[PDB]
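Heads up, the thing below is written out as structure tokens.
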Amino acid sequence: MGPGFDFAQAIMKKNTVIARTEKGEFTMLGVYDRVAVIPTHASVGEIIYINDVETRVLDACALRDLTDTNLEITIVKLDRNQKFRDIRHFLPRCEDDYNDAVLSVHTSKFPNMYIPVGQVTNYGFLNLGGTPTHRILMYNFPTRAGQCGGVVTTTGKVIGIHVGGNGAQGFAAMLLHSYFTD
């Protein structure tokens, strides 16, 4: 509807796949080459479904900060026959607050879904499902089951992936450029 939705759509149409694990269907952001991200609670194993195709997982790493605190991001390398458009230049270098973000989701249940979530706070610490978690972004939108893995963008930046909510607020794990240096 506006330039925020334009940037979000451009990311969704080229840099997402539908990922299915034993724990459900997730929006999955492809970052570069065969490297993608998903919330760590997806519990990626040795085999994942990507757009309903059985795919070997070549590597999966659940990220933690240097305090050994959960970040809720898993970086997955997929045995896929095709590379993602490289979007690393759209990743922030530092922890930050944002104005006017969009949360975008694409699954079997919620195709072509875009949500203007408004102001994004650098919230920091969250007890997420009982797990101490750092680098959390917060938005005042009542997000629901089925939006985990959704991409959070502003114009020109891909800033996080949705990992939870409390009924009134939604929470995303930060994406930082330093997670994807090769």
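Start at 1 and count along the chain as shown; that gives each residue its number.
Yeah, the Cβs are placed from backbone N, Cα and C, and that goes for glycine too.
Taken from Swiss-Prot, the feature domain 'Peptidase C3' covers 2-180, and the record attributes it to sequence analysis.
What Swiss-Prot records for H41 (among others) is active site, for protease 3C activity, and it gives sequence analysis as the kind of evidence. Packing around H41 (active site, for protease 3C activity) is summarised by its Cβ count: 20 other Cβ atoms lie within 10 angstroms of its Cβ, all protein chains included. The DSSP secondary structure for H41 (active site, for protease 3C activity) is helix.
In the three-state DSSP reading, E72 (active site, for protease 3C activity) counts as strand. Positions annotated as active site, for protease 3C activity by Swiss-Prot, on the basis of sequence analysis: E72 (among others).
A sphere of 10 angstroms centred on the C-beta of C148 (active site, for protease 3C activity) encloses 25 other C-beta atoms. Feature annotation from Swiss-Prot assigns active site, for protease 3C activity to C148 (among others).
If you take the C-beta of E72 (active site, for protease 3C activity) and look for same-chain residues 6 or more apart in sequence within under 8 angstroms, you find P39, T40, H41, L128, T131, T133, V163, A173.
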